[PDB]
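What follows is one structure encoded as structure tokens, with my remarks underneath.
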């Protein structure tokens, strides 16, 4: 359902937005896997990188919102991320259209 480089939906405020998964964090190992630019190996957080305290102890996803500047790329947990499927797309549309 949530793969490296895959599509997802993510809450940002009250609405949902299409996003792409760029990294996946394992809270047990304290390492993430990342899209390139094994073969893809887990790696520690960079010296200047941070994951919010609120979510660092769970599985986290570093996402890019489709069409937004890369400055909005951020870590989210399961509270905010959603599978890209028929039910969640319809919910995304309802939240924006109907409230």
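So the values come out like this:
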quantity	calculated
Fewest-first ranking of 21, 63, 56, 40, using other Cβ atoms within 10 Å as the exposure measure	40, 56, 21, 63
Cβ-based exposure ranking for 4, 15, in which fewest neighbours within 10 Å come first	15, 4
Calculated [θ] (222 nm, deg cm²/dmol) that DSSP helices of n ≥ 4 give over the chain, each run adding -39,500 (n - 2.57)	-4000 deg cm²/dmol
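A short reminder: the numbers here are calculations on the coordinates, not readings from a lab. Cβ sites come from the backbone with ideal geometry, for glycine too, and all protein chains shown count toward neighbours.
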